[PDB]
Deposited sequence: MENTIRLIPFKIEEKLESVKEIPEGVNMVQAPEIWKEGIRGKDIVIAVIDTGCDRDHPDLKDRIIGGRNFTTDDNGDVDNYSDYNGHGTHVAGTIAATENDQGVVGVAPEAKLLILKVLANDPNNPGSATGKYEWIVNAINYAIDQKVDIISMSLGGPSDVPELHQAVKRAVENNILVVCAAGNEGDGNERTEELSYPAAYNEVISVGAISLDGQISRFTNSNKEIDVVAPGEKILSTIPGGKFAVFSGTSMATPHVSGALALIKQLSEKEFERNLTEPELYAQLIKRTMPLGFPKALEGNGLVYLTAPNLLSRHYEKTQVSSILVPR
């Protein structure tokens, strides 16, 4: 079975108005200065669902689908009964609207694919069948999204799962997963594997991103501060939305998934740790500007 990567809830807040520090840290507001905010990019969020009524998210969700047995298998109900999926969605793309939080790619659009139901064996976490994740990835491809974002893992190498990940990248779709017993799909060579660092820059992944004390949206129109490895991946998927818009414009052509991957690796900051710990370093979107 597939499990959500563990995470910790630090505090819940009724209201806020800020840019979360993780969004600042990856230099997203500096890319916004180039006119690049994720316009017309679509990210499939394969997670616990989402509160589609959150004021920071209502203008960003273009649809969704429930793959779980929750709500009797109602495909139209992708409600978030956990909180994690709404939090991830906010970090990717919370709207710039002078209220609440703002995501890395605040013009991007979200396809909400619920494959994780609350896990009675591990209260607070969530769980799903391999088939549900496989179905969600194929659905994402059929809907021609740009990026697929997951924060989950299983212990088995299921061929239909590798096949769907391979199908995605063959269609030039980026597949991002947190690296948390929970090895697949993040361990597949095709997947961009993400580790976490603290907001002060302290700790087979490709990149790291902030995962400690991450402020974002939760159901009910509220906000909460989470910590955990899975907090890093929405920063990366949101960054990829900015990178794809920016690079396809600057190169004046559609770029392949291997080229878009290289554009992410160009936009990393080494932290001084071994590569087995930081991979290529912290996603750091202005890195080539700094070099020039």
Query raised in the report: Counting from 1 along the deposited sequence, which stretches were left out of the model?
Result: 1 to 3, 184 to 193, 217 to 224, 314 to 328
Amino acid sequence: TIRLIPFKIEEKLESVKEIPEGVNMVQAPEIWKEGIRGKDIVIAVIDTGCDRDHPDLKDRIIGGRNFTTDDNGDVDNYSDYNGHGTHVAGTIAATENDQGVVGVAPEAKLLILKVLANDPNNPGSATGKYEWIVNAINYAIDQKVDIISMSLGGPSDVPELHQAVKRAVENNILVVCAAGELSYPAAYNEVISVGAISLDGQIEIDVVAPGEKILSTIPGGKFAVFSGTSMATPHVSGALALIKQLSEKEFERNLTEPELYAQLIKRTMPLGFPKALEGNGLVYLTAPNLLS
From here on, numbers count along this sequence of modelled residues.
Query raised in the report: Which has the higher mean CA temperature factor in the PDB entry, 60 to 68 or 238 to 246?
Result: 60 to 68
Query raised in the report: Looking at the entry, does 97 to 105 or 69 to 77 show the higher mean C-alpha B-factor?
Result: 69 to 77
Report summary line: Among 193, 86, 138, 121, highest Cα B-factor in the entry goes to 121
Query - Selection by C-alpha B-factor (highest) of 177, 165, 158, 207 - result: 158
Report task. Can you work out whether the C-alpha temperature factor of residue 33 puts it in the lowest, middle or highest third of the chain? Result -> middle
Query raised in the report: Within this chain, which third does the Cα B-factor at residue 254 fall in: lowest, middle or highest?
Result: highest
Requested in this report: Can you work out whether the C-alpha temperature factor of residue 27 puts it in the lowest, middle or highest third of the chain?
Outcome: lowest
Report task. Name the third of the chain's ranked CA B-factors that contains residue 265, choosing lowest, middle or highest. Result -> lowest
Query raised in the report: So where's residue 9 on the chain's Cα temperature factor ranking, which third?
Result: highest
